[PDB]
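Written below as C-alpha cells is the structure these notes are about.
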Amino acid sequence: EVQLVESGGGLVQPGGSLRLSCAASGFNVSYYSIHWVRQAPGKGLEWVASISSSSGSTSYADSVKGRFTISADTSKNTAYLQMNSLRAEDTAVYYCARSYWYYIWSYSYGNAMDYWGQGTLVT
Amino acid sequence: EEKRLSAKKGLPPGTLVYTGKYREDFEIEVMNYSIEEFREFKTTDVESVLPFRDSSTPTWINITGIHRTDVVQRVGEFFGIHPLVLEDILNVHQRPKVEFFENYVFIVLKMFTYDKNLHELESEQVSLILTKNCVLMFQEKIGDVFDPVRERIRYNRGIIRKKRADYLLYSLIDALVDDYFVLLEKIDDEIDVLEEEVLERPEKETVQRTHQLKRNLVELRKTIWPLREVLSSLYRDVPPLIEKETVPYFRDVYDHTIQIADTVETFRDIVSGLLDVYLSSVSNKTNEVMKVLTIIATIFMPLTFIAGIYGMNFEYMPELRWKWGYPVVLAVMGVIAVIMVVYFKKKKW
Amino acid sequence: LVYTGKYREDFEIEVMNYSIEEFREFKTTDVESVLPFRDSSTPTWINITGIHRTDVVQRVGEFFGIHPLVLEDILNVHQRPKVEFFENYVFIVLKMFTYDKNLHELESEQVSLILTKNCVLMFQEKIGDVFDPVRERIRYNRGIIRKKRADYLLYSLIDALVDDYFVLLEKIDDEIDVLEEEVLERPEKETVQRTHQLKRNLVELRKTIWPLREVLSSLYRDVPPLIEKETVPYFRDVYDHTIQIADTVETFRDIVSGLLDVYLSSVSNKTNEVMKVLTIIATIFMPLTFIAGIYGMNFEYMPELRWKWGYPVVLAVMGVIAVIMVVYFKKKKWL
Amino acid sequence: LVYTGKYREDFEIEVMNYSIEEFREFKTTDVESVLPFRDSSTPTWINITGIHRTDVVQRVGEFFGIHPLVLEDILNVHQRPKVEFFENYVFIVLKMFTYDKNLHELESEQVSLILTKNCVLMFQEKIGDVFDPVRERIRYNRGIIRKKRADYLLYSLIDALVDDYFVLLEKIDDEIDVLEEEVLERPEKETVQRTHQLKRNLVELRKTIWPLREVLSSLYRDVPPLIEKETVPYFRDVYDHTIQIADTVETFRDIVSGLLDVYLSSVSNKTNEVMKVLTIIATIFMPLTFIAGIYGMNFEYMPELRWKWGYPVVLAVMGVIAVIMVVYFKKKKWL
Amino acid sequence: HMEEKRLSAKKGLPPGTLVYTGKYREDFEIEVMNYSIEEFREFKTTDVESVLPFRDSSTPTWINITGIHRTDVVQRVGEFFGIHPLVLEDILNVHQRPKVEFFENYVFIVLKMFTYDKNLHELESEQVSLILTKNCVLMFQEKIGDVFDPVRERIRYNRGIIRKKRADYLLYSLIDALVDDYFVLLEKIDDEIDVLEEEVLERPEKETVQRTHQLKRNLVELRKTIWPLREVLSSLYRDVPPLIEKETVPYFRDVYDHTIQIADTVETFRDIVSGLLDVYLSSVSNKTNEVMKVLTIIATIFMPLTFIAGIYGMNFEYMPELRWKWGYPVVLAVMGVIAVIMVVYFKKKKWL
Amino acid sequence: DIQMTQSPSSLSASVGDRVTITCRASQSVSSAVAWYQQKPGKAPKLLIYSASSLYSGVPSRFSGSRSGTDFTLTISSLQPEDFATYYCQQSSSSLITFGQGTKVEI
Ligand SMILES: [Mg+2]
Ligand SMILES: [Mg+2]
Ligand SMILES: [Mg+2]
Ligand SMILES: [Mg+2]
C-alpha cells in the first residue's frame with residue numbers, strides 16, 4: 001500500500017543545481033520521517049539528509065553540510081532534495097526512504113528505514 | 001493532562017513514538033450494537049471508522065497494532081483527544097492508570113499471557129477511552145480476552161444491549177480481571193510443579209525457574225496494585241461520564257482486585273520461601289554423600305593402622321608363629337567392623 | 001572560608017564577551033580583567049577554573065555582590081544541587097561526572113553558576129569540561145546563542161551538562177550489556193565486584209539526578225524576572241531530558257540488581273559435586289588399600305603358599321571389587 | 001506535672017527576634033525574660049532546652065495558656081509525631097536524630113513545636129540542634145525569611161530538620177563505604193554485626209519517616225486559618241523532599257541487603273575452596289598409596305621381580321598417574 | 001459475587017443452628033455504658049433482657065458482650081436489634097478475616113485484637129465484632145480483656161469530646177484504640193526480632209530455627225490481618241455510609257494513615273526475618289567450615305607422608321631400600337621439610 | 001561524525017552453513033543499528049532493527065546479536081537467495097551512518 005517514487009534526476013553538469021522529488025502513495029508524510037540516501041554504483045550506501053515534515057527539523061550529512069536543501073510539501077505530500085554545486089563524487093543513485101523510530105531505553109532512540117523507493121541515477 | 005507534550009532528546013519536537021516491540025499486524029473492528037440491531041465492521045482503513053464518533057447507539061471501536069502511530073494520531077485528532085493521551089497510549093512501559101477529562105475517560109490496563117514449556121509472563125498494554133457514547137480501544141497485538149463480551153453482544157445475552165457505553169467499559173474491565181484470575185490459576189499450577197521439583201530434584205534449572213517465577217510475581221504485584229487503585233477511583237466519585245446506576249457494578253470489580261492482590265502475596269510468600277527450601281534440600285543431598293563417605297571411613301580407616309600395628313617389619317615382635325594368630329586377629333577385626341556397622345545402623349546412617 | 005576540595009593542581013580564568021557583531025575572549029590569570037565586564041551591555045561568559053584560591057573568589061563576590069553564605073557554599077564541593085534567588089542574581093550548583101571505560105568508577109566535580117545582569121560566572125575546580133559544544137557554538141556563530149541575551153548562555157550550559165549525562169548513560173548501557181554476557185557466560189567473583197561497583201555508581205547517579213530534576217523544575221516554574229520568559233520552553237526541554245535520564249537510571253538499576261541472583265543461589269551444589277568425586281574415589285581406593293594391607297600383613301604365619309596362582313587372583317579380586325563399586329554407583333544416579 | 005525525659009544535664013533558653021528593620025539576640029538563662037515578650041509585634045522564636053527543670057516549663061505553659069493535655073504530651077517522650085490544631089495555637093510533635101561513631105546506633109530527640117500567634121517555641125532535651133542553617137539565615141539576613149511571619153519560621157525549621165536526613169544518609173553512605181571493603185576482603189562475624197546494625201538503623205529510620213510525612217501532610221492539607229496561605233506550596237515541597245528521603249533510604253536498604261547476600265556467597269565459596277583442596281589431595285594421592293600398598297605384599301612367589309630396572313618403571317608409572325590426576329583437573333578449571 | 005447473602009448450610013449441623021467457632025468458654029459478661037453530655041451510667045450484668053431496652057435510648061450507648069460462646073445471648077440480641085442471621089453467623093465465626101458490611105439499619109465491622117506473650121513466642125488473636133445501629137453500638141468479644149480501657153477512661157472522667165458526640169464518634173474511638181494497640185504489638189515484635197538477632201548470631205542453636213520460623217509465620221498472619229483492616233478503614237473513610245453523619249469522616253482518615261504505617265512496618269519486618277534465616281545459614285556454614293578446615297589440614301599433610309611411607313613398602317629382588325649414608329636421617333629431613341612447607345602454606349592461606 | 005566498520009569485506013560460502021558478519025563503531029552506540037540486504041539493481045530491504053529484532057516477513061534464518069559495541073548478523077540456515085550485499089546503519093545519533101558493505105557469494 002505504501003509506495004515511494006522519485007523524479008527529477010539523471011543528468012546535470014558539475015557545478016549546477018537540481019531538485020529531486022519524492023512522491024509517497026498510501027502513506028502520509030506528516031507522521032513519518034523521510035531520508036535521502038546516496039550510493040555510487042559499485043560502492044557503498046551513503047546517507048544524505050533527513051526531513052520530518054511534522055516539525056520541519058532538518059538533518060544533513062557531514063559530506064553535504066549546507067550544500068543541499070531538504071523540505072517536504074505536506075499538502076502535496078512530497079519530499080524535495082535540492083542539490084547545489086554538484087561535485088565529481090555526487091554521481092550516484094539517490095534513494096528515498098521511509099523512517100520509523102523504535103525504543104531501546106528511555107534515553108536512546110533509533111529509527112529503521114523499513115520502506116525504500118526505486119532510486120534514481122544522478123550524474 | 002499537562003498543557004505541553006513532554007520532549008525527548010534526539011527526536012524532533014512533537015514526535016509520537018511507539019515503545020513496544022510488537023509490529024506484526026494491524027486491524028480495526030467496529031461494533032455498533034443498538035437497542036434492537038447490531039453491526040460488525042472489520043477493516044484496515046481508518047477513514048471508515050472515524051465517522052462513527054457521533055453514532056447515537058453505543059459503539060465499540062477496537063484497533064490492533066498501535067505500532068502504526070499515524071493511525072493513532074489521526075484517531076486522536078478526530079475525537080478531540082489530547083496529545084499527551086496519545087503519548088500515554090503509545091508508551092507501553094507504564095503502570096495501569098486512569099485519567100478523567102471533561103470529554104472522555106482514559107484508562108491504561110495490562111492483560112497477560114502465560115505459556116507452558118516457556119515460563120515467560122508477557123504483558124500487553126490496552127488503552128480504553130470512553131468518549132461520549134463510544135468506547136475506543138487500543139491493543140498492540142492480535143488476540144485479547146474480550147471475546148465473551150463479543151458473544152454477549154452478538155447473541156443478545158445479558159444486559160449489555162440495554163445499557164450505554166459505561167456498561168460496555170465495565171464489561172471490558174471485568175473480562176480483563178477474569179483473565180487475571182485464570183492467570184493466577186496457571187501460576188498456581190506451575191508453582192505446585194516447581195515446589196515438587198525443587199523439593200525432590202534440586203539442580204540449577206530449578207533455581208533458574210524459581211527466580212523466573214520470582215520476577216514474574218513481582219511484575220504481577222507491580223501491575224495489580226495500580227489496577228486496584230484505578231478501579232477504586234472509577235467507582236468512588238466519577239460524577240461526569242458514568243451514570244450512578246453503573247457504579248455498583250464497578251464496585252464488584254474492585255472487590256475482585258482485592259482478592260487478586262491478596263492471592264499474589266500468598267503466591268509470593270510461597271516462592272519467597274521456596275528459595276530457602278532449595279538450599280536446605282540441596283544440602284540434604286550433600287549430607288547423603290557425607291553419610292556414605294563417613295561410613296567408608298569408620299569401618300575402613302581405623303582397621304588400616306591395626307593392620308599396620310602388628311603388620312610392621314619389627315624384629316621384636318612376639319606373635320610371629322602363634323597358634324592361628326592370623327585367623328583370630330582377623331576374626332576380631334571383622335567383629336569390630338560388624339559391631340561398628342551395627343552401631344551406625346543404630347544411628348540409621 | 002576553606003576549600004573543601006582536595007584538588008589544587010591548576011588554576012586559570014577564561015572569559016568571552018560576545019555580541020551579534022563580533023566577540024572577544026581571553027585566557028589569563030588576571031582577576032581584575034573580569035570586573036569591567038560587569039558594566040557590559042553585551043552578554044559575557046566568565047569562568048574561573050581554580051577555586052582553591054579564596055582571595056579571588058572573595059573579590060569576585062564583593063565586586064558582583066554575592067551574599068557571603070552562597071559564596072562560602074561555592075567552595076563547598078560536598079553540596080547537593082539546589083537553587084537560590086536574589087533581587088539581582090541567581091545561584092545554581094550542578095555536578096559534572098567523568099567515567100572511564102577501563103576503570104570502573106566515576107569522578108564528581110561541583111560546578112557553580114551565577115547569573116546576574118548580563119554576566120554568567122562559572123566556578124569549576126579543574127581543567128577539562130564538557131562545555132566545548134556551546135563554546136564552539138558561540139565562537140563559530142553556529143546556532144542562535146549569540147543573538148539571544150545572557151540567559152540563553154545559562155540554558156546552553158545546562159544543556160551541555162545534561163548532554164554529558166546522556167553520553168555517560170550511553171557508556172553505562174554499554175558496560176551493562178557487556179556485564180550481562182559476562183554473568184550469563186562467565187560467572188565468578190570479580191564479576192560480583194564489578195556488579196557491586198556498577199550498582200553503587202547507579203545509586204550515586206540517582207541520588208544526584210533527582211536533586212537536579214528539582215533544580216530544573218524550580219528554575220522553570222518559579223521563573224523570576226531575571227530568568228526571563230524567553231528561555232522558559234528551553235528549560236522545559238531540559239526538564240524533560242532530566243525525566244529521561246532518571247527513568248533510564250531507574251531501569252538500569254533494576255537490571256543490574258537482578259543480574260546477581262542466580263549466580264549467588266547457584267552455590268552449595270558445586271560442593272555437592274566435589275563431595276561426589278571425593279566419595280567415589282574414597283569408597284573405591286581406601287577399602288582396596290585396606291584389603292592390600294590385610295593380605296600383605298607381615299605376620300609370618302599366612303597361606304603364602306601359592307597353590308593356584310595367587311597374585312593374579314588377588315589382582316582380579318581388586319579389579320572385581322573396583323568394578324562392583326563402579327556398578328553400585330549411579331544406580332540412584334546421584335554420583 | 002511529671003517529668004519523663006531521659007536526660008537532665010543541660011538547661012538553656014535562647015530566643016531570636018527577626019524583623020526587617022533589625023534583629024534582636026537573647027543570651028543568658030533568664031526565665032522571666034520570655035514572659036513579657038509574649039505579645040511582641042515582630043515574629044519571634046524561642047528554644048528551651050532541658051525541660052527537666054519542670055517549674056520553668058509549667059510556668060511558661062501557664063503564662064501562655066497552653067492546654068494541660070498538651071503539656072502532658074510534651075513531657076511524655078514515648079510519643080509518635082502528630083499534630084493537634086486549636087483555635088489559639090497549633091501543636092506539632094517531631095523527632096530529631098543524631099548518629100555517632102564507635103557506637104553504631106542513632107538516637108532520637110523529642111521536639112515539640114508550638115505555634116501561637118507570631119511566636120514559635122520548642123522544647124529540646126539536649127543542647128545542640130540542626131537549626132544552625134535557619135539560625136544563620138536569620139542572623140545574616142539571607143533570603144526572604146526575614147520579611148515573612150512566624151508561619152515561614154515554622155516552614156524553615158521543618159525544612160531544616162527534613163534536610164538533616166540528607167547528612168544522616170551521608171553518614172550512612174560513609175559507613176556503607178567502609179563496610180564495602182570490610183566484607184569484600186574480610187568475611188568475618190563483626191562484618192555481619194555491623195552490616196545488620198546498619199540494616200536495623202535504616203528500617204527504624206523509615207519507620208520514623210512515615211509519621212513525619214503524615215504530620216507534614218496534615219499541616220499541608222487542612223490549611224489552618226492562622227496559616228493564611230503563602231506557605232502551603234513550601235509544605236508541598238517539604239513533602240517532595242520526604243518522598244526523596246524515602247526513596248533514598250529504600251535504595252540504601254537494597255544495597256546493604258545485597259551486601260548480606262554477598263557475605264553468604266563468600267562463606268559458601270570459602271567452604272567450597274577448602275573442600276576442593278581436600279578433594280584434589282585425596283584424588284591425586286589415594287591411587288598413589290594404593291599402588292604403593294599393592295607392592296607391599298608378602299607373597300613367597302612373585303613374577304614381577306625384575307623388568308629392566310622395574311622399580312624406576314613403577315616410579316615412572318606413579319609419576320604419570322600423578323601427572324594425569326593433577327592435569328584432568330586443569331581442563332575442567334576445578335582448581 | 002454477593003449472591004443474595006443468605007445463610008449457609010453445614011452438613012454436620014441441623015439446618016438452622018448457629019455455632020460458636022472459637023475456643024474460649026470461660027467468661028461471660030454484659031457491660032453497658034450509657035452516657036450523655038452531662039452524666040453517664042455504667043453497669044455489668046449477666047441477664048441479657050436487662051440490656052435490651054437500651055436500643056431506643058436517645059443518648060449514645062455502648063453495649064459490650066464478653067463471651068460470645070453463649071450463642072443464645074447473641075441470637076437474642078440479634079432478634080431484638082433486627083440483625084440479620086448471616087451477620088450473627090459472621091459474629092460467631094471466629095476463624096475469619098476482618099471485613100466491613102454496610103446495611104440499611106446498621107454497620108457491621110470485624111476486627112482482630114492481637115496479644116503477644118514473651119517467653120512463649122506465639123501470638124494469639126481474638127475476634128471483636130462491632131455493630132453500629134441507630135444511637136447504639138454493640139460490641140461482641142471472645143473473652144475477657146480488651147484494649148478499649150482508654151475509651152472507658154475518656155467516657156468516665158469526661159476527657160475529650162467523646163461525651164458530646166454521637167455513636168459514630170464512639171466507633172471511631174474504639175477503632176483508634178485498637179490501632180494503637182496494633183502499634184504496641186509491632187513494637188513488641190521489634191523487641192523479639194532484636195533478641196532473636198542476638199541469639200541467631202552468637203549461638204547457632206537448633207531451637208533458634210524454630211523460633212525464627214514461628215516468627216515468620218506470625219508475621220505472615222499479621223500481614224493477612226493488617227491488609228483487610230486497611231481495606232476496612234478505607235471503606236469507612238471513602239464509602240461514607242449514612243450512619244457516620246459526615247462530621248467524623250476526617251477522623252477515619254487518621255486511622256487509615258495509621259494502618260498504612262502498620263502495613264509498611266510489617267512488610268519491613270518480614271524482610272528482616274528473611275535476612276535472619278540467611279545469617280543463620282551463614283553462621284552454621286562457618287561452624288562446619290572450621291571442622292572441614294581441620295580435616296583438610298590433617299589430610300593434606302598425612303596423605304603425602306603416608307604415601308612416602310608406603311612407596312618404600314615395595315619388595316623387589318633388586319631394591320633401593322639399602323640405606324645410603326644415613327638414608328633414614330635424610331628421609332626424616334625430607335618429610336620434615338614437606339611438613340614445614342605445608343604448615344607455611346596453611347599460614348599463607350590464613351586458615352589454621 | 002561517527003563511523004561504522006563492517007567486516008569481512010567478502011564471504012564466500014555454500015548453502016546450509018552459518019554465515020556471520022560483524023560490525024563495530026568508532027564510539028559505542030547502544031542498539032540503534034540495523035541490517036539491510038541489497039541485490040544488484042534493487043533497493044535495500046530491511047532485515048534487522050534494534051540490533052537483535054527480526055522485521056516483519058523477514059525469514060527467521062537471519063538473526064542479530066549485540067556484545068557491547070560489537071554487532072553481528074548470523075544466518076544459521078542459508079537459502080539460495082541469501083547471497084547479496086549486506087549493510088549496517090547507526091541510528092543512535094541524528095547523523096545516520098552505514099557500514100562499508102559485505103557481499104556474500106557462492
Ligand atoms: Mg612394614
Ligand atoms: Mg590412606
Ligand atoms: Mg595403608
Ligand atoms: Mg604399604
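Residue numbering restarts at 1 in every chain; chains get A, B, ... in the order shown in the C-alpha cells, and ligands count up from 1 in that same order.
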
message: Could you list, as number ranges by chain, all protein and nucleic acid residues with an atom at most 8 Å from ligand 1, counting only C-alpha atoms and all ligand atoms?
response: B: 308, 311-314; C: 298; E: 313

Selection file, N, CA, C and O atoms, as a JSON list (two decimals), in the first residue's frame:
```json
[["chain", "number", "residue", "atom", "x", "y", "z"],
["B", 308, "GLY", "N", 48.32, -52.28, 60.34],
["B", 308, "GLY", "CA", 49.70, -51.86, 60.40],
["B", 308, "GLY", "C", 50.33, -52.05, 61.76],
["B", 308, "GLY", "O", 51.56, -52.13, 61.85],
["B", 311, "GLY", "N", 51.54, -55.42, 61.68],
["B", 311, "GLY", "CA", 51.99, -55.73, 60.33],
["B", 311, "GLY", "C", 53.24, -54.96, 60.00],
["B", 311, "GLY", "O", 53.47, -54.58, 58.84],
["B", 312, "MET", "N", 54.06, -54.72, 61.01],
["B", 312, "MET", "CA", 55.31, -53.98, 60.90],
["B", 312, "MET", "C", 56.45, -54.93, 60.54],
["B", 312, "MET", "O", 56.35, -56.15, 60.72],
["B", 313, "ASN", "N", 57.54, -54.36, 60.05],
["B", 313, "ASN", "CA", 58.77, -55.12, 59.86],
["B", 313, "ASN", "C", 59.65, -55.06, 61.11],
["B", 313, "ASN", "O", 60.84, -54.77, 61.05],
["B", 314, "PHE", "N", 59.04, -55.35, 62.25],
["B", 314, "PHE", "CA", 59.67, -55.15, 63.55],
["B", 314, "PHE", "C", 60.29, -56.45, 64.02],
["B", 314, "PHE", "O", 59.61, -57.48, 64.09],
["C", 298, "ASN", "N", 52.34, -58.47, 57.54],
["C", 298, "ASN", "CA", 53.59, -59.17, 57.84],
["C", 298, "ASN", "C", 53.46, -59.84, 59.21],
["C", 298, "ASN", "O", 53.87, -59.32, 60.25],
["E", 313, "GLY", "N", 57.37, -49.50, 51.00],
["E", 313, "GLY", "CA", 56.92, -50.83, 51.34],
["E", 313, "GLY", "C", 57.06, -51.82, 50.21],
["E", 313, "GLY", "O", 56.73, -53.00, 50.37]]
```

field: Selection: 10 Å around region 241-257 of chain D, only C-alpha atoms, excl. self and same-chain fewer than 2 positions, as a VMD selection string
entry: (chain C and resid 196 199 to 200 203 206 to 207 210 to 211 214 253 257) or (chain D and resid 159 162 to 163 165 to 166 169 172 to 173 176 179 to 180 195 to 196 198 to 203 205 to 206 209 to 210 212 to 213 216 235 to 239 259 to 263) or (chain E and resid 271 to 272 275)

Wanna dump the chain B-ligand 2 contacts at 10 Å for me, each residue with its shortest atom pair and the distance in Å to one decimal, counting only C-alpha atoms and all ligand atoms, ordered by chain and number, as JSON lines?
```
{"residue": "B:297", "atom": "CA", "partner": "ligand 2", "partner_atom_place_in_ligand_line": "1 (Mg)", "distance": 9.8}
{"residue": "B:300", "atom": "CA", "partner": "ligand 2", "partner_atom_place_in_ligand_line": "1 (Mg)", "distance": 9.5}
{"residue": "B:301", "atom": "CA", "partner": "ligand 2", "partner_atom_place_in_ligand_line": "1 (Mg)", "distance": 7.2}
{"residue": "B:304", "atom": "CA", "partner": "ligand 2", "partner_atom_place_in_ligand_line": "1 (Mg)", "distance": 8.1}
{"residue": "B:305", "atom": "CA", "partner": "ligand 2", "partner_atom_place_in_ligand_line": "1 (Mg)", "distance": 9.7}
```

Writing out the chosen residues with C-alpha atoms as a short mmCIF file (atom, residue, chain, number, x, y, z; two decimals), in the first residue's frame:
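Contents of selection-v6.cif, freshly written:
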```
data_model
loop_
_atom_site.label_atom_id
_atom_site.label_comp_id
_atom_site.auth_asym_id
_atom_site.auth_seq_id
_atom_site.Cartn_x
_atom_site.Cartn_y
_atom_site.Cartn_z
CA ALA B 297 35.96 -44.18 56.75
CA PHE B 300 37.98 -48.91 56.94
CA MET B 301 40.29 -46.12 58.11
CA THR B 304 44.32 -49.96 58.45
CA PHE B 305 46.56 -48.96 61.33
#
```

task: Residues of chain B no more than 8 Å from chain C, counting only C-alpha atoms: send them over as a PyMOL selection string.
output: chain B and resi 6-9+203-204+207-208+211+279+282-283+285-286+289-290+292-293+296+300-301+303-304+307-308+310-313+319-322+324-326

task: Could you give me, as a list in words, the residues within 6 Å of region 1-18 of chain D, counting only C-alpha atoms and dropping anything in the same chain fewer than 2 positions from it?
output: residues 23, 24, 25, 26, 29, 44, 45, 46, 47, 48, 49, 50, 52, 75 and 76 of chain D

- prompt: For the atom pair CA of residue 70 (chain F) and CA of residue 130 (chain C), what is the interatomic distance in Å to one decimal place?
  reply: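 Separation between CA of residue 70 (chain F) and CA of residue 130 (chain C): 26.7 Å.
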
Long-range neighbours of region 63-79 of chain A as an MDAnalysis selection string, 8 Å cut-off, only C-alpha atoms, 3 positions minimum in chain: chainID A and resid 21:24 28:30 34 48:53 56 58 60 82:85

- prompt: Which chain E residues are at most 8 Å from chain B (counting only C-alpha atoms), as a PyMOL selection string?
  reply: chain E and resi 1+238-239

- request: Identify, on the basis of only C-alpha atoms, every residue whose closest approach to residue 111 (chain B) does not exceed 12 Å; exclude the query and any residue fewer than 2 positions from it along the same chain; express the result as a ChimeraX atom specification.
  value: /B:95-96,108-109,113-114,121-127,139-141,143-146,172-183,220,223-224,227

message: Distance cut-off 10 Å, counting only C-alpha atoms - which residues of chain F neighbour chain A? Return them as a PyMOL selection string.
response: chain F and resi 1-2+29-36+38+40-51+55-56+85-102

query: Taking the backbone alone, and naming residues the way the document does, which bits of region 74-323 of chain B are strand (DSSP E or B) by DSSP, as JSON, numbers by chain?
result: {"B": [97, 98, 99, 100, 104, 105, 106, 107, 108, 109, 110, 111, 112, 113, 114, 115, 118, 119, 120, 121, 122, 123, 124, 125, 126, 127, 128, 129, 130, 131, 134, 135, 136, 137, 138]}

task: Give the alpha helix (DSSP H) residues of region 85-272 of chain C, as assigned by DSSP on the backbone, as a PyMOL selection string.
output: chain C and resi 132-139+150-185+189-222+232-259+261-265+270-272

query: Taking into account only C-alpha atoms and all ligand atoms, which residue in the set D:77, D:148, D:102, D:285 is nearest to ligand 3?
result: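 For ligand 3, the nearest of the candidates is D:285.
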
message: Using only C-alpha atoms and a distance of at most 9 Å, pull out the residues of chain C that contact chain F, as a list in words.
response: residues 170, 171, 173, 174, 175, 176, 177, 178, 179 and 181 of chain C

query: Neighbours of residue 20 (chain F) within 10 Å (only C-alpha atoms; same-chain residues fewer than 5 positions away dropped), as a VMD selection string?
result: chain F and resid 7 to 8 11 62 to 64 72 to 76

What does the file look like for those residues with C-alpha atoms, as a PDB file, in the first residue's frame?
```
ATOM      1  CA  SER F   7      33.761  -6.996   8.208  1.00  0.00           C
ATOM      2  CA  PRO F   8      34.597  -9.233   6.450  1.00  0.00           C
ATOM      3  CA  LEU F  11      32.499 -14.023   2.431  1.00  0.00           C
ATOM      4  CA  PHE F  62      18.703 -14.259   9.910  1.00  0.00           C
ATOM      5  CA  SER F  63      19.422 -13.210  13.480  1.00  0.00           C
ATOM      6  CA  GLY F  64      21.175 -10.211  15.008  1.00  0.00           C
ATOM      7  CA  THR F  72      26.722  -9.405  14.455  1.00  0.00           C
ATOM      8  CA  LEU F  73      24.383 -10.808  11.824  1.00  0.00           C
ATOM      9  CA  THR F  74      24.123 -14.594  11.560  1.00  0.00           C
ATOM     10  CA  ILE F  75      22.438 -16.873   9.032  1.00  0.00           C
ATOM     11  CA  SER F  76      22.031 -20.275  10.679  1.00  0.00           C
TER      12      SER F  76
END
```

- request: Identify which of the residues E:312, E:345, E:108, E:307 lies closest to ligand 3, counting only C-alpha atoms and all ligand atoms when measuring atom-to-atom distances.
  value: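 Looking at the shortest contact to ligand 3, the residue is E:307.
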
query: Could you pull the residues within 7 Å of residue 34 (chain B), counting only C-alpha atoms, minus those fewer than 4 positions along the same chain, as a PyMOL selection string?
result: chain B and resi 38+57-58+161
